[PDB]
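Participant: Residue numbers (PDB author numbering), protein chains in the order written: chain B, 13 to 142, 169 to 333; chain D, 13 to 142, 169 to 333; chain C, 13 to 71, 76 to 142, 169 to 333; chain F, 13 to 142, 169 to 334; chain E, 13 to 142, 169 to 333; chain A, 13 to 71, 75 to 142, 169 to 333.
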Ligand SMILES: [Zn+2]
Ligand SMILES: [Zn+2]
Ligand SMILES: [Zn+2]
Ligand SMILES: [Zn+2]
Ligand SMILES: [Zn+2]
Ligand SMILES: [Zn+2]
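1) Leaving aside the five residues before and after residue 252 of chain C along the sequence, list all residues of the same chain whose C-beta is less than 7 Å from its C-beta, in chain order.
2) If the cut-off is 8 Å on Cβ atoms, which residues from the region 261-272 of chain A count as contacting chain E, listed in chain order?
3) If you measure from each residue's Cβ to the nearest non-hydrogen atom of ligand 2, which ones come out under 5 Å, in chain order?
4) I'd like to know if residue 244 of chain F contacts chain B, where contact means its C-beta is closer than 8 Å to some C-beta of that chain.
5) Ignore the nearest five residues each way along the sequence and tell me which others in residue 67 of chain D's own chain have a CB closer than 6 Å to its CB.
6) Measure the alpha-carbon distance for residue 237 of chain F versus residue 254 of chain E and round it to whole angstroms.
7) Please check the pair residue 161 of chain D and residue 262 of chain D, which I expect to be a contact at CB under 8 Å, by giving their CB distance rounded to whole angstroms.
8) Let's see if you can read the secondary structure: which residues bound the beta strand (DSSP E) around residue 89 of chain D?
9) Measuring alpha carbon to alpha carbon, tell me which residue in F:194, F:302, F:88 and F:96 is nearest residue 58 of chain F.
10) Taking 7 Å as the cut-off, is the CB of residue 34 of chain B close to at least one heavy atom of ligand 5?
11) So which residues of chain F does residue 235 of chain B contact, with C-beta pairs closer than 8 Å?
12) Which residues of chain D have a Cβ atom closer than 7 Å to the Cβ of residue 171 of chain B, listed in chain order?
13) Go ahead and pull the three-state DSSP assignment for residue 42 of chain A.
14) Output the residue ranges of the beta strand (DSSP E) runs that lie fully inside the region 266-332 of chain F and measure 3 residues or longer, sorted by chain position.
15) Using beta carbons (cut-off 8 Å, strictly below), is residue 177 of chain A in contact with chain C?
16) My output table needs one value for residue 206 of chain E: the three-state DSSP class, helix, strand or coil.
17) In the DSSP assignment, find the unbroken alpha helix (DSSP H) run with residue 26 of chain C in it and report its ends.
18) Please name the residues in the region 293-316 of chain D whose beta-carbon is closer than 8 Å to at least one beta-carbon of chain B, in chain order.
19) For residue 170 of chain F, is the classification buried or exposed, using 16 other Cβ atoms within 10 angstroms of its Cβ as the cut-off for buried?
20) Tell me, please, which residues DSSP counts as bridged to residue 180 of chain D.
21) Drop a sphere of 10 angstroms on the beta-carbon of residue 112 of chain B, count the other beta-carbons inside from all chains shown, and report buried for 16 or more, exposed for fewer.
22) Going by alpha carbons, who is nearest to residue 231 of chain A out of A:224, A:53, A:214 and A:282?
23) Can you tell me where the alpha helix (DSSP H) holding residue 253 of chain C begins and where it ends?
24) Would you call the region 102-119 of chain F in contact with the region 313-332 of chain F, where contact means no fewer than 3 C-beta pairs closer than 8 Å?
25) As a quick exercise: from E:191, E:183 and E:323, pick the residue whose alpha carbon is nearest that of residue 243 of chain E.
26) Just by C-beta distance, which residues in the region 202-232 of chain B are closer than 8 Å to chain F?
27) Consider the C-beta atom of residue 271 of chain A and the heavy atoms of ligand 6; say whether any pair is separated by less than 7 Å.
28) Output yes if chain D places a C-beta closer than 8 Å to the C-beta of residue 174 of chain B; else output no.
29) Would you report the Cα separation of residue 76 of chain D and residue 46 of chain D, rounded to the nearest angstrom?
30) Can you name the residues of chain B whose CB is closer than 9 Å to the CB of residue 180 of chain D?
31) Buried or exposed, going by whether 16 or more other CB atoms sit within 10 Å of the CB of residue 267 of chain B?
32) With a threshold of 16 other CB atoms inside 10 Å of the CB of residue 69 of chain D, please say whether the residue is buried or exposed.
Encoded structure:
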């Protein structure tokens, strides 16, 4: 019922292994978005001119990773210098409606926060329609450098390390964490503790601004996509604490701790990756339409 | 030049090994006090009726418990039911004048506080007539239970454990420490840290009163025997800090830290154990007379 | 079908937050006992004169399942609670306040709720290194054990009072082990660090405390389903804890075998209304009423 | 025999405690340099107008952070708005010739590298006129992040931490170390290991250039002041190794190790801080003149 | 329907506790094999002359290693100097067909590799008819002696110690591990690391040949029984790495690591312990017949 | 005034670096023995045919520097000669000794005394609680980290592949070092850098036989006395059991050595004479007497 053009794409297992990884995954995500959109809206056809025109089919085989549920719907087609994909309508008999690429709903089991799949998210929204030492560590005022904490990573605490850039690290890794906690029992995340060793590695004091980064944490947490089922639709309840990290003499850095309360309904990390084809192009459906269509 | 009576004493190696150790050491200390007293003054004779009357001579303790320098000066005598000791005058030819039983002057080298001998104390008084991480630990406010400190025992810090009784433990062990520090570079002593492991244990909060124990520390520290050679003649400079020791939730106990500044002259732990015969009686000479006689 | 008087009670969220916690939880627990008792036997009404008589409603610690059954009423200086009969439709019969049935999953001993206890009794009607640590005899002070807390071993610390600590914390442990795979509990090991901190030798009598644990363990409420009805099989070992070649204290270890049926810590907190007052039904009546 | 002007200086214990610390120690170092120069050359007088002119003497304080040996030579004087210091000639009878401010000759005894004082440097130059696990750690190729090394800090190994700036940290902290090793048994210094815990941290890989920093280490070590007593006056024998520091997937940083051989004679960190008065101004004597003047 | 002779066996709880354990477990295994065979084929009787012919007569007990499911089928009989066991045909009402003594199918949950029971193996084969730090540890090259690894034992890594004999230790313990991994998510096993402490010990270099042991593990890994249900029937995918273990100076030993991929179907450690009586002799059915009869 | 023949020697710095190290040190130690003997007895000359006969002079090697001041090298055709002056008594040490074999423990290292240290030592001889606790323990756990640190009184040493050879080789140094300085304890099976317990496998040790072996090795130790009463060295051996999980895995082999009145050697001191035939190392009596 729809054409969709990926454009210039390189086909072939060996050829894609030997191609610039960034462009490889760019092309791949274009194909995955197109297949998701065609799946969710009706039947469709994808087209893309082959870049390496001296490499022909039967040198490609299965390649450029195709999700297994999606693979059952598409069908490969090769015509002259162009490549086509026949996308059947998304089956509704696999108890889950509308093909979603990534739920962006995270939840933490034992020691791992993990993004829910289609089924896990389905049962999750279905469910939502109807420790002491950790608190002590959060209440602490002054950590020592290379201090080994005795609080172990669990469903309520997550030790994560800083990257080279503090702001980018917390802005990138925080949404996953606060989503996972809010959706499952809540808990604490500590930035600057090394998970495998549970030692305190504060980020250098010269490489952090506390008030500015706190405003950044507030912005990032408020910008989180939220969907409610209840009457009194509240906000995410978080509290930020900067723990001081000294070593010998005087202050060295900070460990950046965020406590996230369990959340009544459901919270996303980013707008869920699911796609429509509206009028003329692939357009990812927004949060309301996604969670309502999942119902 | 003097009689001196030890009284009822049990003689014999086997017989004293098989006797109540407390009474054994009582008798022994009486004999040593008598031998010191006779030694520093004119020669003398000690007498004591043997308790174990089935004792034969030459079955004694060659040095029952007598410093070797003393053994060379005395001479044993056995007559009927009594035992006598011929005490020659203390030889001034050893370079040491008074013949002291224990200097009670302590000093800390590397990892050990140690009481100076006669020679070491002599050269010490002769000399007196002519770290950052430790400070950080002292300035700290809140220790965690079983925290392993990275500050190691040294010439400036001494980790000592509490006994069952806090007041008796600190009142008994503190004078040695503050003397040793005052005489050599000063330093810190911490009560409630286990030396071999450098972990924080601390005395239980229910078994300590802070203001009362601090008054006790001040009283005990003022009471230390001090001798000056200098002009102004100052007092010992100490600072007491009670470090809180929490575990999980909330406060569990305290670590009792004392910082002791290096001292101008010399500081004793107790009045030096050296003995005179004045009005034909054993009488330990006081601190002033001791340090003056040492010259 | 029954009157019941709580008496002098202070009402109000802010006012109870600003009230002595001891008396607050006394009052609260009286209300919980009364609502449980009326809940189990018919319908009833609770009345209690308000203490802070200048504070009225909209100017408490109540379980959510109970909340659906009661209805608050304010009349002059007295406060009333309308207690409906316990709804047998939540697959669980008779409202129980606390099962006092413990079981240890993974690293935590936990008291079973009404449902968990129900399914548990229904099921009951139809490691090597740990044993090595128990068989030992001489631990060193601040020795870090390599045996980790699990469904079979529980490291618990001593309190300031040894007798009170073991006498208070032991029933929970032996119940939890008896109900799930059994296991060992060690007193004097610090759980978060797995180090040995024996209680001081001057503050413990071994034979007397052994008699005390024996009494506490035998007096534990037990209910049987089988033909032969034996007692709980426990073994006590006092591990010596030395430091610098000198006995310092003891670590007090108790091994508890897995138990055929069910073992309680205390008589289960569930309440009746008899012609006189609220009266907690005994163990037999509770375990029979659950079925 | 000489005037010397410190200029605008703030006098007073309380007043200097309440003054900008940087300007405080700038002024202080001017006074110390002047007193050193006057001491070494002959007799002299220092003058400086007081800044806080309402804070006069008996507040100016005996405290000015001045080495005690120097205090015995100077004598303070207060006149109107100016302050003077009478500097006697340096007393040679304390077995040490010429007043030195800082020898800049380092040596590592047991667990501490330390700058020698006048006496220690004297006896040191006088003496100069007449481990396996450490080598294993140096030969290693890839340490793991937060690895606890079993090699302990000793007279032969020194664990030092990185600062925020790697280049500045090694360029500032290395001369002390290589001097201390060169003067006493030699040894290894490791950058990126935490001394109190003997754990491996290392500077982040994004904040270091390997070849450029190696050239920087070569320049800094060659630039070191050296004085010889022997026949064949050789150079410092050093070797630099970058240990890789991985964590989980892949490398995070490097630990920067320098091995320094024991040195025949003496090696400095910087030109020794000792001062002359050359006709019109204070002028710190160079290395040659200092080490030669120390011998007499 | 069948006789079966165990032969000379000692009966009696006290008497077997007081008998040579080797012969005791030999006899016991003969009885278990016979009862398994009679169970699997059709009702039969076991016979065995008592060794201690004056010690048996209701002074035996229910004691003796007999699985309870089996015991519900047996019936003991005592006649003069001989002992008989009446074995009913295997129930089959327990949802599980054929009495199996040991599945020899292993699977690793959490921290334990474990042999599946009859039911677990049944549901497992039924299901089969229809980490980063670990990989980092495997990719390494040079471990230090007594190094504490931060990778913890999990469903994917198994730390096992060497015995006194390296070849016998790995040849005996490897099949269990590779089976358990092949049946559940796969994973790594490390030989020479102490599980309770996660330290590196490794077998001494003088007590190992790398190429010979690599051929040995390859042989042992190929020799293990495998059964397939799928179309293409591949082999188990394993990779062996010898990690060098130095201490101070130079090489001390090796840690022997094996990575085992998750396997399509089911993998055994040995031919499954289940027994038939063919003709008139006890004969353990082979792997194919066992897995097929399980249905 | 004595000839001495080293024999076939391969000469040359590059050539000796490129030669079999075993034969290298064989030859070298022969030269050192000859130089020691000639030094101690009088003047002498050493002769040795060069092996690599195309590698001559203009193409120094392993000799103590004090010896170097006495020797003088000479190259003549296919033979090489060494002029050995009589050992100068003008240095503080009489006689030239190659190795005192008298050990003493300073701090964390046991060390063989040099000529001067041994001289002052014998001259001087002519006129802790946690360690004792560890010795008494009898039962260690595998990979237990001991809190007793290596010091002048305790020495942690590891086992080799062969237990008997390891203890028989490393024990004399230790017991000598302790006997000469404060005494102390040595533990076999503890890893020094980590202070963990690594017991030797139980299958690879016989307790009574090895105890007889250590007794023999300790009695065979060279001893020299200065005092009136001349007793033997007082040692006590304890085998500490090392369990892991389940049951016994191995043993840690502990030896306590009391401080000794006089001096104790590890082996007969390496010092050499020239008798009418060859180099002949003087025995212990002659060495310690000659030092006086
Ligand atoms: Zn909501
Ligand atoms: Zn004074
Ligand atoms: Zn029962
Ligand atoms: Zn030179
Ligand atoms: Zn397969
Ligand atoms: Zn002797």
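Here a beta-carbon is modelled for each residue, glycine too, at the ideal position from N, C-alpha and C.
Facilitator: Quick look at the numbers:
1) Exclusion of the five residues before and after residue 252 of chain C leaves 278 as the residues of its chain whose Cβ lies within less than 7 Å of its Cβ.
2) Within the region 261-272 of chain A, no residue has a Cβ that lies closer than 8 Å to any Cβ of chain E.
3) Listed by position in the chain, the residues whose beta carbon lies within less than 5 Å of some heavy atom of ligand 2 are D:266, D:268, D:302 and D:303.
4) Yes, because at least one Cβ of chain B sits closer than 8 Å to the Cβ of residue 244 of chain F.
5) Cβ neighbours of residue 67 of chain D beyond the five flanking positions: 23 and 24.
6) Near 39 Å, if we compare the C-alpha coordinates of residue 254 of chain E and residue 237 of chain F.
7) In this structure residue 161 of chain D is absent; chain D steps straight from 142 to 169.
8) Taken as a continuous stretch (DSSP letters only), the beta strand (DSSP E) holding residue 89 of chain D covers 86-91.
9) Cα-wise, what sits closest to residue 58 of chain F is F:96.
10) At a threshold of 7 Å, residue 34 of chain B does not count as near ligand 5, since its beta carbon sits no closer than that to any of the ligand's heavy atoms.
11) Here the neighbours are 184.
12) What residue 171 of chain B touches in chain D: 286.
13) Of the three classes helix, strand and coil, the one that applies to residue 42 of chain A here is helix, per DSSP.
14) If we require 3 residues or more, the beta strand (DSSP E) runs fully inside the region 266-332 of chain F come out as 276-285, 288-298, 313-316 and 319-322.
15) In terms of beta-carbon proximity, residue 177 of chain A lines the interface with chain C, with at least one pair separated by less than 8 Å.
16) Helix.
17) Membership of residue 26 of chain C in the alpha helix (DSSP H) is indicated by the continuous run 25-29.
18) Residues passing the 8 Å Cβ filter: none.
19) That one is exposed.
20) Residue 180 of chain D has D:282 as its beta-bridge partners, per DSSP.
21) Around the beta carbon of residue 112 of chain B, a 10 Å sphere encloses 16 or more other beta carbons of the protein chains shown; the residue is thus reported as buried.
22) Distance from the Cα of residue 231 of chain A is smallest, within the candidate group A:224, A:53, A:214 and A:282, for A:282.
23) Unbroken alpha helix (DSSP H) run through residue 253 of chain C: 248-260.
24) The region 102-119 of chain F makes contact with the region 313-332 of chain F; the number of CB pairs closer than 8 Å reaches 3 or more.
25) Comparing Cα-Cα distances from residue 243 of chain E to each of E:191, E:183 and E:323, the minimum goes to E:183.
26) Taking 8 Å as the upper bound on Cβ-Cβ separation, chain F lies near residues 202 and 232 of the region 202-232 of chain B.
27) Because some heavy atom of ligand 6 lies under 7 Å away, the Cβ of residue 271 of chain A counts as near it: yes.
28) Answer yes: the Cβ-Cβ gap between residue 174 of chain B and chain D drops below 8 Å somewhere.
29) Between the C-alpha atoms of residue 76 of chain D and residue 46 of chain D there is a straight-line separation of about 14 Å.
30) Those within 9 Å of residue 180 of chain D in chain B are 178, 179 and 180.
31) Taking every protein chain shown into account, the CB of residue 267 of chain B has fewer than 16 other CB atoms within 10 angstroms, so this residue is exposed.
32) Counting Cβ neighbours within 10 Å, residue 69 of chain D comes out exposed, since fewer than 16 surround it.
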